[PDB]
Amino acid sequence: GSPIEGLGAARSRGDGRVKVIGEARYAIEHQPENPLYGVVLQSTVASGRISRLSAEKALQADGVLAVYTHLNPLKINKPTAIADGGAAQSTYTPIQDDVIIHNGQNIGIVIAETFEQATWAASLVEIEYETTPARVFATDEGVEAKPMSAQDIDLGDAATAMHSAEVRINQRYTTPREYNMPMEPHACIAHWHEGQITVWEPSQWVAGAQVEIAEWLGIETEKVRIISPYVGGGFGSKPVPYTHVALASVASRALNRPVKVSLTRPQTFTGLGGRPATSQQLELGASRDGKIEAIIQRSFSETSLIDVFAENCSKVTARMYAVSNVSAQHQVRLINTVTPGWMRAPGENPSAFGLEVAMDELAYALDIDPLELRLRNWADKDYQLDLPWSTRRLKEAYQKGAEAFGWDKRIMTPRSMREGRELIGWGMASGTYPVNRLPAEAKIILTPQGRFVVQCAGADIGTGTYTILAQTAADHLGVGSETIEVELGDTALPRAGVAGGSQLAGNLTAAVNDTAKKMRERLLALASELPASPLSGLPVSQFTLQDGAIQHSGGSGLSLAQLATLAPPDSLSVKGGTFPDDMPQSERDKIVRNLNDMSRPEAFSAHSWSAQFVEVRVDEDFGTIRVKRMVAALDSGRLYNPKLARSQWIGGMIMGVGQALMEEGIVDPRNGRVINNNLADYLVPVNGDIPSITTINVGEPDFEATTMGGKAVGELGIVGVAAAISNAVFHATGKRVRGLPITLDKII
């Protein structure tokens, strides 16, 4: 292809080799000297008090140094919530009191000298409770409903427009509790020394980890160092630490020793939140041609008794189609459950699912082909924001996706397509994800050997940040990007925001592109300003940077390693970034240390778009469902690395397959326990579940969206997939399944 492999090339992952040989070290694989081992204790009841707790049989076992509970406590300060400008998704503080607000809640930690000793002794702690009546489900009596009013959509007049609508579709769509379940469990090493703490925390946002851990411990933010160069994925579950890290930190400060604390895989279900269960009552008014003149939505989602988090089902509702009258209101239902957390495309995923199933029902009510219906509702602008699209290729996504899938041969009648003992079904859905932006900084260093190192605190969670930041710098440095080393995921590195909302590739490529331009200018200037340089007097305009050397167009040349020898080490380090050049440093800290300063374009509505086409095979006797074909056409704008972009695309789609077919949280109504908490009873897609996947790139560079021209990728692949699978199952069977997942019991 092209030798430097700059931005836009499709190259192998720069971190790929250390990952395939097992060299890359994740959080707990680091080696402090003589570390202890903590094991967390979790409540077995949903609501009540801890009436009796006896740890003596645990303290007496082999190697047990301490057991910290509310009876033997350690101060943990209530952190500042994300919505208030803080780093905390959950404000729960363990071992500060005896109150039980949900089942599986972290109530303590047992510290021992070996992991085996800590596991055994934790099982010897005896806990009795005084239970109070628990609110298990969002629909239970006495559950408080808090409306999220600032997120209400009041657009046009929906009540008037719905009353006059010729065709009305009114149905409820639900999604169950879902769990990110990254293959790396939440675990950390907390090392407290001399008024400072270093924590090895798997993180998508290391500045966020630094803020919340400092608040927990009651120390200055600068006193915390977070080391997270490699993460085993969070899919939204590791932007900010959770309380097992709080227990690990205070224990390490009390014992003045390093403590390795791993949540067990079952404990990761209640040690943090997944996607909360949602419910949406969605009404579509439309004229008989299929054109929708009104949408009314009333939705809700679960949240704990402590924190208010919304999984908002209105995120896509007014964005996707041309509808001038939209009323949507979402409320949270406070119940006894762990504080919810992000999961891939928060609020966008359940919003698109209900909307894109409702379109399919509207299409079968009017006997319009579902694709044809999406075109009759096409929105030439954003009707929610009343703004023109920056770029939207959705039409080309429909067409290129339909072509590759063979959608033109679809027989509309459900159950019409069959092969052998399998009912065939075909379904489709629109998808989207918004473009967010945040400033960020980076540093580039020329080593004494003539090599480049790129430094940024941004995270590579498997997204490819290691690779695209090396491609960006290579464009201006005259070397191949595979020779450029990138250091990431550490609070000692230059400022970077969250990896969340699928914004970080654009934010960091912009920051490195500026730093690399500044590095080019520095090197050429050094070659011309350093009197010992063979280029000592020559103009910079006639210099080029090529193949690890600076060469004058007159033919003389200087190698990068030779320039390093002639230059002062401090001049070989260049800083750049997208913050305003005049912004004071304290505000640059604050911006990347919270989530509320992200921006979107004014005057343009900038989003990624997609068209999802699915073929399912339903067994006529058993009701089991298999995904035979997946064809997706996606507009992500400019692709920084087309190969890593496809991996993101198909990654999100596979997660959407688990969402539709299998993934469900199972809660026992008596005790409010999640009894399927394990990878055996909580099913995620297995290699045999996924067929060959076709992805088509319809996107074009959008510079009204991001400085570097890309749009959202990481979360785009999941959006709308579950609806398309449900639409396909209906087409095979004739049964609308509006609650997820679609399991065999719901088919027959």
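Sequential numbering from 1, following the sequence displayed.
199-207 or 421-429, whichever carries the higher mean Cα B-factor | Higher of the two, by average CA B-factor, is 421-429.
Could you check the entry and say whether 284-292 or 301-309 has the higher mean CA B-factor?
-> Averaging CA B-factors over each stretch, the winner is 284-292.
Go through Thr463, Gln542, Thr175, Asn436 one by one and give the residue whose Cα B-factor in the PDB entry is largest.
-> Max CA B-factor in the entry, restricted to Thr463, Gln542, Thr175, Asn436: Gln542.
Per the entry, which of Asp621, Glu212, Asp635, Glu141 tops the list for Cα B factor?
-> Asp621 has the highest C-alpha B-factor of those listed.
How does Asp689 rank on Cα B-factor within its chain, lowest, middle or highest third?
-> Its C-alpha B-factor belongs to the middle third of this chain's values.
Among the modelled residues of its chain, does the C-alpha B-factor of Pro568 lie in the lowest, middle or highest third?
-> Ranked within chain, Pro568 CA B lands in the highest tercile.
CA B-factor ranking of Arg738, expressed as a third of its chain = Ranked within chain, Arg738 CA B lands in the lowest tercile.
Going by what the PDB entry lists, where does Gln60 fall on CA B-factor within its chain: lowest, middle or highest third?
-> Highest third.
If you rank every modelled residue in this chain by C-alpha B factor, which third holds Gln503: lowest, middle or highest?
-> Its C-alpha B-factor belongs to the middle third of this chain's values.
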